[PDB]
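Shown next: start.tsv, given as TSV, C-alpha atoms.
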chain	number	residue	atom	x	y	z
B	1	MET	CA	-104.40	-6.55	177.37
B	2	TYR	CA	-103.02	-7.57	174.01
B	3	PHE	CA	-102.03	-5.77	170.80
B	4	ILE	CA	-101.03	-7.41	167.53
B	5	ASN	CA	-98.69	-5.44	165.36
B	6	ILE	CA	-100.97	-4.13	162.61
B	7	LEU	CA	-98.17	-3.03	160.35
B	8	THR	CA	-94.38	-3.58	159.98
B	9	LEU	CA	-94.65	-4.73	163.65
M	1	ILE	CA	-116.63	9.80	159.72
M	2	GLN	CA	-117.95	12.47	162.04
M	3	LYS	CA	-120.93	10.71	163.63
M	4	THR	CA	-123.28	13.08	165.40
M	5	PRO	CA	-123.73	12.41	169.14
M	6	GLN	CA	-127.10	11.39	170.50
M	7	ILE	CA	-127.86	12.99	173.83
M	8	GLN	CA	-130.21	12.02	176.70
M	9	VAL	CA	-130.70	14.04	179.88
M	10	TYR	CA	-132.36	12.21	182.74
M	11	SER	CA	-132.29	11.64	186.48
M	12	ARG	CA	-130.95	8.59	188.29
M	13	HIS	CA	-134.11	8.24	190.35
M	14	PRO	CA	-137.67	9.45	189.60
M	15	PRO	CA	-137.88	13.22	190.32
M	16	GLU	CA	-139.52	14.62	193.44
M	17	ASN	CA	-139.51	18.39	194.04
M	18	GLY	CA	-137.18	19.13	196.93
M	19	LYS	CA	-135.51	15.70	197.05
M	20	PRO	CA	-131.84	15.44	195.98
M	21	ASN	CA	-131.00	13.25	192.98
M	22	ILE	CA	-128.26	12.81	190.33
M	23	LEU	CA	-128.74	14.38	186.91
M	24	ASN	CA	-127.23	12.46	184.05
M	25	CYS	CA	-126.25	13.52	180.53
M	26	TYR	CA	-125.58	10.31	178.55
M	27	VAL	CA	-123.88	11.12	175.21
M	28	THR	CA	-123.51	8.26	172.71
M	29	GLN	CA	-122.72	7.31	169.13
M	30	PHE	CA	-120.14	9.94	168.25
M	31	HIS	CA	-116.78	9.83	166.52
M	32	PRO	CA	-114.01	11.10	166.85
M	33	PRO	CA	-113.74	10.80	170.67
M	34	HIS	CA	-112.89	14.43	171.37
M	35	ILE	CA	-116.05	16.00	172.90
M	36	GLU	CA	-116.94	18.91	175.21
M	37	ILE	CA	-119.76	18.58	177.70
M	38	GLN	CA	-121.18	21.04	180.19
M	39	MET	CA	-124.21	20.79	182.39
M	40	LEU	CA	-126.18	23.92	183.26
M	41	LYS	CA	-128.51	25.22	185.95
M	42	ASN	CA	-130.50	28.37	185.05
M	43	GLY	CA	-127.99	29.03	182.29
M	44	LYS	CA	-124.90	28.89	184.49
M	45	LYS	CA	-122.38	26.08	184.11
M	46	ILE	CA	-122.45	23.58	187.01
M	47	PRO	CA	-118.91	23.38	188.48
M	48	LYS	CA	-118.70	19.85	189.95
M	49	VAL	CA	-119.50	17.58	187.07
M	50	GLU	CA	-118.31	14.01	187.25
M	51	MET	CA	-117.64	12.04	184.12
M	52	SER	CA	-117.25	8.34	183.61
M	53	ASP	CA	-114.50	7.15	181.33
M	54	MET	CA	-115.13	7.15	177.64
M	55	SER	CA	-115.61	3.80	176.00
M	56	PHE	CA	-116.99	2.61	172.68
M	57	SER	CA	-119.51	0.17	171.20
M	58	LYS	CA	-119.31	-2.63	168.64
M	59	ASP	CA	-119.82	-0.11	165.82
M	60	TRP	CA	-116.75	1.71	167.16
M	61	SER	CA	-118.66	4.86	168.30
M	62	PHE	CA	-118.00	6.42	171.61
M	63	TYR	CA	-120.16	6.99	174.64
M	64	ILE	CA	-119.69	8.83	177.94
M	65	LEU	CA	-121.76	9.84	180.96
M	66	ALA	CA	-121.70	13.13	182.83
M	67	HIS	CA	-123.53	13.66	186.08
M	68	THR	CA	-123.96	15.94	188.98
M	69	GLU	CA	-126.16	16.35	192.02
M	70	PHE	CA	-129.31	18.37	191.87
M	71	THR	CA	-132.65	18.86	193.50
M	72	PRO	CA	-135.72	19.21	191.24
M	73	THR	CA	-137.76	22.40	191.40
M	74	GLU	CA	-140.37	24.27	189.31
M	75	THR	CA	-138.31	27.45	188.84
M	76	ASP	CA	-135.01	25.70	188.05
M	77	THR	CA	-134.10	24.61	184.55
M	78	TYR	CA	-131.30	22.08	184.03
M	79	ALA	CA	-129.71	21.44	180.63
M	80	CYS	CA	-126.82	19.56	179.10
M	81	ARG	CA	-124.76	21.09	176.29
M	82	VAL	CA	-122.23	19.36	174.07
M	83	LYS	CA	-119.84	20.33	171.29
M	84	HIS	CA	-118.30	17.87	168.84
M	85	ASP	CA	-116.42	18.54	165.58
M	86	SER	CA	-119.41	17.11	163.71
M	87	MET	CA	-121.71	19.98	164.71
M	88	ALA	CA	-121.56	23.54	163.38
M	89	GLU	CA	-123.13	24.76	166.64
M	90	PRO	CA	-123.30	23.34	170.16
M	91	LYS	CA	-126.41	21.36	171.09
M	92	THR	CA	-128.29	22.05	174.36
M	93	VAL	CA	-130.82	19.43	175.52
M	94	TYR	CA	-133.17	20.31	178.39
M	95	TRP	CA	-134.11	18.09	181.26
M	96	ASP	CA	-137.78	17.15	180.85
M	97	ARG	CA	-139.03	15.38	183.97
M	98	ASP	CA	-141.21	12.94	182.09
M	99	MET	CA	-138.53	11.55	179.75
U	1	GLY	CA	-125.74	-16.98	182.83
U	2	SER	CA	-122.90	-16.72	180.27
U	3	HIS	CA	-120.09	-14.24	181.00
U	4	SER	CA	-117.51	-12.25	179.07
U	5	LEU	CA	-114.24	-10.31	179.76
U	6	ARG	CA	-113.80	-7.42	177.28
U	7	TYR	CA	-111.25	-4.65	176.64
U	8	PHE	CA	-111.79	-1.59	174.45
U	9	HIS	CA	-108.60	0.16	173.37
U	10	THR	CA	-108.14	3.48	171.63
U	11	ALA	CA	-104.93	5.08	170.34
U	12	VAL	CA	-105.00	8.66	169.12
U	13	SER	CA	-102.24	10.22	166.99
U	14	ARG	CA	-102.63	13.96	167.98
U	15	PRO	CA	-104.07	13.92	171.54
U	16	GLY	CA	-103.62	17.48	172.69
U	17	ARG	CA	-102.00	18.56	175.97
U	18	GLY	CA	-103.17	16.52	178.91
U	19	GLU	CA	-105.14	14.05	176.83
U	20	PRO	CA	-103.99	10.40	176.54
U	21	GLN	CA	-102.65	9.08	173.32
U	22	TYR	CA	-103.64	5.57	174.50
U	23	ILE	CA	-106.56	4.54	176.66
U	24	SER	CA	-108.23	1.25	177.39
U	25	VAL	CA	-111.08	0.08	179.59
U	26	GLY	CA	-112.01	-3.39	180.73
U	27	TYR	CA	-115.38	-4.84	181.55
U	28	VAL	CA	-116.69	-8.11	182.87
U	29	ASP	CA	-120.15	-8.24	181.40
U	30	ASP	CA	-121.75	-4.83	182.08
U	31	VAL	CA	-119.37	-3.83	184.86
U	32	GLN	CA	-116.23	-1.82	184.29
U	33	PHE	CA	-113.22	-3.02	186.30
U	34	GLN	CA	-110.28	-0.76	185.35
U	35	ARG	CA	-108.94	2.09	183.21
U	36	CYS	CA	-105.47	2.35	181.69
U	37	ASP	CA	-103.81	5.41	180.14
U	38	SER	CA	-100.63	6.83	178.70
U	39	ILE	CA	-100.34	10.59	178.79
U	40	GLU	CA	-96.91	11.60	177.38
U	41	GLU	CA	-95.58	8.01	177.84
U	42	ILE	CA	-96.38	7.77	181.57
U	43	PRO	CA	-98.78	4.86	182.26
U	44	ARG	CA	-101.56	5.18	184.81
U	45	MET	CA	-103.94	2.52	186.07
U	46	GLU	CA	-107.09	2.93	188.04
U	47	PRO	CA	-109.46	0.39	189.62
U	48	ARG	CA	-113.22	0.89	189.04
U	49	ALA	CA	-114.66	-2.18	190.74
U	50	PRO	CA	-114.62	-3.64	194.29
U	51	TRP	CA	-113.04	-7.04	193.51
U	52	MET	CA	-109.92	-5.16	192.30
U	53	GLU	CA	-108.92	-4.41	195.92
U	54	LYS	CA	-108.26	-8.17	196.27
U	55	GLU	CA	-105.77	-8.08	193.39
U	56	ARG	CA	-102.16	-8.75	194.55
U	57	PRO	CA	-99.51	-6.18	193.46
U	58	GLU	CA	-98.07	-8.67	190.95
U	59	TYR	CA	-101.11	-7.70	188.83
U	60	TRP	CA	-100.58	-3.94	188.67
U	61	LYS	CA	-96.86	-4.56	188.19
U	62	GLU	CA	-97.35	-6.58	185.01
U	63	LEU	CA	-100.13	-4.30	183.73
U	64	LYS	CA	-97.98	-1.16	183.86
U	65	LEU	CA	-95.50	-3.00	181.56
U	66	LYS	CA	-98.29	-4.04	179.26
U	67	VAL	CA	-99.63	-0.43	179.05
U	68	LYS	CA	-96.22	1.03	178.20
U	69	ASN	CA	-95.67	-1.72	175.59
U	70	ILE	CA	-99.13	-1.43	173.94
U	71	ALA	CA	-98.93	2.35	174.00
U	72	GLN	CA	-95.67	2.03	172.13
U	73	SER	CA	-96.88	-0.32	169.46
U	74	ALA	CA	-100.08	1.70	168.93
U	75	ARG	CA	-98.20	4.93	168.11
U	76	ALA	CA	-96.04	2.99	165.66
U	77	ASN	CA	-99.02	1.43	163.89
U	78	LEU	CA	-100.73	4.78	163.60
U	79	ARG	CA	-97.69	6.18	161.70
U	80	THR	CA	-97.34	3.09	159.53
U	81	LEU	CA	-101.09	3.15	158.68
U	82	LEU	CA	-100.85	6.85	157.84
U	83	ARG	CA	-98.06	6.06	155.44
U	84	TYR	CA	-99.93	3.09	153.92
U	85	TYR	CA	-103.13	5.03	153.14
U	86	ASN	CA	-100.91	7.90	151.91
U	87	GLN	CA	-102.62	10.29	154.35
U	88	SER	CA	-101.05	13.71	155.09
U	89	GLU	CA	-98.86	14.09	158.19
U	90	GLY	CA	-100.89	16.61	160.22
U	91	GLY	CA	-104.21	14.77	160.72
U	92	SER	CA	-105.95	13.37	163.80
U	93	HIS	CA	-106.37	9.60	163.39
U	94	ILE	CA	-107.78	6.94	165.69
U	95	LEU	CA	-107.00	3.21	165.82
U	96	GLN	CA	-109.35	1.11	167.98
U	97	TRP	CA	-109.37	-2.58	168.86
U	98	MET	CA	-111.46	-4.83	171.08
U	99	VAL	CA	-110.20	-8.01	172.69
U	100	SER	CA	-112.52	-10.41	174.45
U	101	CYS	CA	-113.20	-13.92	175.67
U	102	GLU	CA	-116.36	-15.45	177.06
U	103	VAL	CA	-117.24	-18.69	178.79
U	104	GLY	CA	-120.58	-20.48	178.80
U	105	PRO	CA	-122.90	-20.96	181.83
U	106	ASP	CA	-120.94	-24.23	182.41
U	107	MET	CA	-117.73	-22.12	182.51
U	108	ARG	CA	-116.15	-23.65	179.38
U	109	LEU	CA	-114.49	-21.54	176.65
U	110	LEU	CA	-117.19	-20.40	174.19
U	111	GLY	CA	-115.04	-18.22	171.97
U	112	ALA	CA	-112.91	-15.12	171.73
U	113	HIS	CA	-112.71	-11.89	169.69
U	114	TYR	CA	-110.12	-9.61	168.18
U	115	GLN	CA	-111.05	-6.72	165.89
U	116	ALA	CA	-109.48	-3.43	164.80
U	117	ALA	CA	-110.80	-0.24	163.17
U	118	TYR	CA	-108.93	2.72	161.78
U	119	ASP	CA	-110.75	6.00	161.90
U	120	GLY	CA	-114.12	4.60	162.86
U	121	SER	CA	-114.35	1.78	160.29
U	122	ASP	CA	-113.63	-1.94	160.49
U	123	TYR	CA	-110.12	-2.75	159.43
U	124	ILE	CA	-109.33	-6.34	160.33
U	125	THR	CA	-111.16	-9.05	162.16
U	126	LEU	CA	-110.10	-12.39	163.53
U	127	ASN	CA	-112.48	-15.20	162.48
U	128	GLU	CA	-114.54	-17.44	164.78
U	129	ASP	CA	-112.14	-20.30	163.98
U	130	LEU	CA	-109.47	-18.12	165.62
U	131	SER	CA	-106.96	-18.71	162.78
U	132	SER	CA	-108.06	-16.70	159.72
U	133	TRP	CA	-108.45	-12.96	159.34
U	134	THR	CA	-110.96	-11.05	157.26
U	135	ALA	CA	-109.64	-7.86	155.72
U	136	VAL	CA	-111.66	-5.07	154.08
U	137	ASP	CA	-109.37	-3.53	151.39
U	138	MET	CA	-105.89	-3.73	149.83
U	139	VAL	CA	-104.09	-2.18	152.84
U	140	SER	CA	-105.57	-4.57	155.40
U	141	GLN	CA	-105.03	-7.35	152.90
U	142	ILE	CA	-101.36	-6.45	153.29
U	143	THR	CA	-101.79	-6.81	157.06
U	144	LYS	CA	-103.75	-10.04	156.80
U	145	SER	CA	-100.86	-11.42	154.73
U	146	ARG	CA	-98.29	-10.49	157.37
U	147	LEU	CA	-100.23	-11.84	160.39
U	148	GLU	CA	-100.81	-14.99	158.44
U	149	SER	CA	-97.17	-15.60	157.48
U	150	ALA	CA	-95.86	-14.59	160.93
U	151	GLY	CA	-98.33	-16.95	162.58
U	152	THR	CA	-99.88	-14.31	164.85
U	153	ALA	CA	-103.21	-16.03	165.48
U	154	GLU	CA	-101.58	-18.76	167.59
U	155	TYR	CA	-100.31	-16.07	169.91
U	156	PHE	CA	-103.74	-14.60	170.54
U	157	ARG	CA	-105.04	-18.14	171.04
U	158	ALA	CA	-102.32	-18.61	173.69
U	159	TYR	CA	-103.41	-15.38	175.40
U	160	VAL	CA	-107.04	-16.38	175.40
U	161	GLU	CA	-106.43	-19.73	176.98
U	162	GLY	CA	-103.93	-18.13	179.37
U	163	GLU	CA	-104.50	-14.62	180.81
U	164	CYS	CA	-108.03	-14.07	179.54
U	165	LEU	CA	-109.50	-17.28	180.98
U	166	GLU	CA	-107.52	-16.79	184.17
U	167	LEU	CA	-108.81	-13.24	184.72
U	168	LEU	CA	-112.38	-14.02	183.83
U	169	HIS	CA	-112.64	-16.95	186.27
U	170	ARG	CA	-110.86	-15.03	188.96
U	171	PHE	CA	-112.91	-11.84	188.51
U	172	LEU	CA	-116.08	-13.91	188.57
U	173	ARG	CA	-115.11	-15.82	191.72
U	174	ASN	CA	-113.97	-12.66	193.56
U	175	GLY	CA	-116.61	-10.37	192.08
U	176	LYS	CA	-119.37	-12.94	192.63
U	177	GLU	CA	-121.87	-10.66	194.51
U	178	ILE	CA	-121.68	-8.25	191.58
U	179	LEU	CA	-121.42	-10.27	188.40
U	180	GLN	CA	-123.39	-13.42	189.19
U	181	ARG	CA	-126.56	-11.49	189.96
U	182	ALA	CA	-129.57	-10.20	188.02
U	183	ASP	CA	-131.58	-7.43	189.55
U	184	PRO	CA	-135.19	-7.31	188.17
U	185	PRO	CA	-136.63	-4.09	186.65
U	186	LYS	CA	-139.04	-1.81	188.50
U	187	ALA	CA	-141.66	-1.09	185.91
U	188	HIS	CA	-144.66	1.16	185.64
U	189	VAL	CA	-146.70	2.90	182.93
U	190	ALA	CA	-146.89	6.67	183.12
U	191	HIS	CA	-149.76	8.70	181.61
U	192	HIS	CA	-149.22	12.12	179.86
U	193	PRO	CA	-152.12	13.90	178.11
U	194	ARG	CA	-151.17	15.51	174.81
U	195	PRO	CA	-153.09	18.73	173.79
U	196	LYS	CA	-155.23	17.39	170.89
U	197	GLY	CA	-157.15	15.39	173.49
U	198	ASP	CA	-154.90	12.29	173.03
U	199	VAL	CA	-152.35	10.74	175.46
U	200	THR	CA	-148.76	9.37	175.63
U	201	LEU	CA	-148.30	6.18	177.64
U	202	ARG	CA	-144.72	5.64	178.73
U	203	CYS	CA	-143.66	2.27	179.92
U	204	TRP	CA	-140.72	2.58	182.31
U	205	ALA	CA	-138.26	-0.03	183.40
U	206	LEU	CA	-135.86	1.09	186.14
U	207	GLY	CA	-132.94	-0.32	188.09
U	208	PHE	CA	-132.11	-3.54	186.33
U	209	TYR	CA	-128.83	-5.39	185.80
U	210	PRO	CA	-127.77	-6.74	183.23
U	211	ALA	CA	-128.55	-4.09	180.58
U	212	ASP	CA	-130.30	-6.58	178.27
U	213	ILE	CA	-134.06	-6.04	178.42
U	214	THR	CA	-137.09	-5.96	176.08
U	215	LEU	CA	-139.94	-3.48	176.43
U	216	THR	CA	-142.73	-3.96	173.84
U	217	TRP	CA	-146.18	-2.36	173.66
U	218	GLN	CA	-149.19	-4.24	172.27
U	219	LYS	CA	-152.69	-3.16	171.17
U	220	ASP	CA	-154.95	-6.17	171.86
U	221	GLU	CA	-152.47	-8.69	170.41
U	222	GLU	CA	-151.02	-6.32	167.87
U	223	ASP	CA	-147.31	-5.69	168.23
U	224	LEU	CA	-146.68	-1.96	168.06
U	225	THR	CA	-142.83	-2.16	167.91
U	226	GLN	CA	-142.50	-0.22	164.65
U	227	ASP	CA	-144.82	2.56	165.84
U	228	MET	CA	-143.51	3.03	169.40
U	229	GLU	CA	-140.87	5.53	170.55
U	230	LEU	CA	-137.89	3.92	172.32
U	231	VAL	CA	-134.76	5.29	174.01
U	232	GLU	CA	-131.57	3.19	173.94
U	233	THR	CA	-130.82	1.59	177.33
U	234	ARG	CA	-129.04	4.06	179.57
U	235	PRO	CA	-126.90	3.81	182.77
U	236	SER	CA	-128.50	5.09	185.96
U	237	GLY	CA	-124.95	5.51	187.29
U	238	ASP	CA	-125.07	3.08	190.28
U	239	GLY	CA	-124.48	-0.05	188.20
U	240	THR	CA	-128.12	-0.44	187.10
U	241	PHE	CA	-129.94	0.67	183.92
U	242	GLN	CA	-133.21	2.11	182.73
U	243	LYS	CA	-135.27	2.38	179.57
U	244	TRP	CA	-138.71	3.50	178.50
U	245	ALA	CA	-141.02	2.83	175.57
U	246	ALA	CA	-143.87	5.21	174.65
U	247	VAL	CA	-146.92	4.91	172.36
U	248	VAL	CA	-149.49	7.60	171.65
U	249	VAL	CA	-153.08	6.56	172.18
U	250	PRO	CA	-156.45	8.33	171.81
U	251	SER	CA	-158.06	9.16	175.19
U	252	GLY	CA	-160.52	6.56	176.45
U	253	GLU	CA	-158.85	3.63	174.60
U	254	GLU	CA	-156.08	3.28	177.26
U	255	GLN	CA	-157.00	-0.14	178.65
U	256	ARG	CA	-156.65	-1.57	175.14
U	257	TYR	CA	-152.80	-1.29	175.53
U	258	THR	CA	-150.33	-3.54	177.36
U	259	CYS	CA	-146.63	-3.27	178.08
U	260	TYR	CA	-144.43	-6.28	178.30
U	261	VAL	CA	-141.05	-6.32	180.04
U	262	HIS	CA	-138.68	-9.23	179.59
U	263	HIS	CA	-135.64	-9.39	181.79
U	264	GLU	CA	-133.57	-12.35	183.07
U	265	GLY	CA	-134.13	-11.07	186.57
U	266	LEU	CA	-137.84	-11.62	186.22
U	267	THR	CA	-139.49	-14.97	186.86
U	268	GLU	CA	-141.99	-14.35	184.02
U	269	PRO	CA	-142.47	-11.24	181.86
U	270	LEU	CA	-144.50	-8.42	183.38
U	271	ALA	CA	-147.53	-7.17	181.58
U	272	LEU	CA	-148.47	-3.67	182.71
U	273	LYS	CA	-151.49	-1.55	181.63
U	274	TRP	CA	-152.19	1.98	182.83
U	275	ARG	CA	-153.81	1.86	186.28
U	276	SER	CA	-156.57	4.32	187.31
Would you mind writing the structure in this file as structure tokens?
Amino acid sequence: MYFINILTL
Amino acid sequence: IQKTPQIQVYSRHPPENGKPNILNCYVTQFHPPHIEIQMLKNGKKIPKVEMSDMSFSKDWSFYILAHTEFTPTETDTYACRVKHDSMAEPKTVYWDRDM
Amino acid sequence: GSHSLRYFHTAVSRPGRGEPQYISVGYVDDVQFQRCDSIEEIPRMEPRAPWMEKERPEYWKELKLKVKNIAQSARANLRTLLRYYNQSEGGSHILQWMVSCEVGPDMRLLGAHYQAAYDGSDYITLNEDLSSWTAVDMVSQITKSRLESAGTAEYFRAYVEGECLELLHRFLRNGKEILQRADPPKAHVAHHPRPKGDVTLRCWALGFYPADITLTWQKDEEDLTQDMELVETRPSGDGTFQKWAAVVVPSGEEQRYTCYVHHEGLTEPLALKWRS
């Protein structure tokens, strides 16, 4: 359960 | 990116006339995820159809399983019909006991 | 042997009414353990495996926070991506990402994965060295640049060694009876006469777990893999799978053909021919 901020966070 | 769904209609256990079983409609390899599935008996929509959650594979395409309870017979025809934005018309696949 | 904890996440930008705009499922090997949603910003969580009943409430409490958070980021990225590819405002776009970690048969960390796709196509992938990203165009090159400056990889690495490892080991220890098993396939060759006098031989493999199996037909010692009809492995619905491989053979020449089934549940591959 993780999500990295693809764009501009 | 509309990827046409592949459809397979089969039974959980080998078919025996007069013995209850679960009829599955496994739909895979489609995209986008929005899909409509119905299972039929003699051309009427089966009301209690259970569906697993939708997930996706390494190539990002989706897959889902629909199922219901049924009892094989010679007179009864069971089919699975799906509609996805990638198809002009809905596709109906028939249950064939040997596949 | 060799296990893996995997999550598949999907964010949709124009769901519809009563359809989630965020949805993720988790699996330990070939077994699904939970489902998480967000319909209109209201998180929902549902167990899908036995060993989840032994999960203390501190688990579902933190997850709900994670779902709300991830659902919030996802909708933001969708909008940002839409602006970056200059796509028109009223379209239906999907963003998908997979997060996983696996351990070897000796339970050590083997590796971990992180990959995203936008609209059904790769977008960015985290490298095996867990520090560099591979982008696929100028937009994702913009992204790669940002995650590289920010230092983002180290944070996934922290997660992997933290929560991922912890959940895998725990799910495996508490889900033991389910995940550390290997049920062998029930196989048999069926015989169907075609109308031109010839016959279809279908080699069935039923009720096996894991899903990984190999059915191959052979004429004498000739591998007929290019010429045989094969269905992709499918779920029986009770946690086990099935698959069949068919070849068409002229009547009379049936004994010439053999089916081989390879499964980790079997002691040695089975070699079936049509009986009768």
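Counting all atoms listed in the file and comparing M:63, M:36, M:17, M:25, the residue that lies closest to residue M:95 is M:25.
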Can you work out which one of U:127, U:96, U:180, U:4 has the shortest atom-to-atom distance to chain B, counting all atoms listed in the file?
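Between U:127, U:96, U:180, U:4, the residue approaching chain B most closely is U:96.
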At a cut-off of 7 Å, list the chain U residues touching chain B, using all atoms listed in the file, as a PyMOL selection string.
chain U and resi 66+70+73+77+80+143
Point (-121.2, 21.4, 176.0), cut-off 6 Å, counting all atoms listed in the file, residues as a ChimeraX atom specification:
/M:36-38,81-83
Output file for the residues above (C-alpha atoms, as a PDB file, in the frame of the given file):
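Okay, this is what ended up in selection.pdb:
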ATOM      1  CA  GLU M  36    -116.940  18.910 175.210  1.00  0.00           C
ATOM      2  CA  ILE M  37    -119.760  18.580 177.700  1.00  0.00           C
ATOM      3  CA  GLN M  38    -121.180  21.040 180.190  1.00  0.00           C
ATOM      4  CA  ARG M  81    -124.760  21.090 176.290  1.00  0.00           C
ATOM      5  CA  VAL M  82    -122.230  19.360 174.070  1.00  0.00           C
ATOM      6  CA  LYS M  83    -119.840  20.330 171.290  1.00  0.00           C
TER       7      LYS M  83
END
For atom CA of residue U:263 and atom CA of residue U:171, determine how far apart the two atoms are, in Å to one decimal place.
23.8 Å
Give as a VMD selection string every residue of chain U that touches chain M within 8 Å, counting all atoms listed in the file.
chain U and resid 8 24 to 25 35 94 96 117 119 to 121 234 to 237
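Rounded to one decimal, atom CA of residue U:102 and atom CA of residue U:172 lie 11.6 Å from each other.
Atom CA of residue U:22 is positioned 24.5 Å from atom CA of residue U:142.
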Write out as a PDB file with C-alpha atoms, in the coordinates of the input each polymer residue whose atoms come within 9 Å of residue U:266, counting all atoms listed in the file; drop sequence neighbours fewer than 6 positions from it.
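Final output, around.pdb:
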ATOM      1  CA  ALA U 182    -129.570 -10.200 188.020  1.00  0.00           C
ATOM      2  CA  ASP U 183    -131.580  -7.430 189.550  1.00  0.00           C
ATOM      3  CA  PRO U 184    -135.190  -7.310 188.170  1.00  0.00           C
ATOM      4  CA  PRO U 185    -136.630  -4.090 186.650  1.00  0.00           C
TER       5      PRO U 185
END
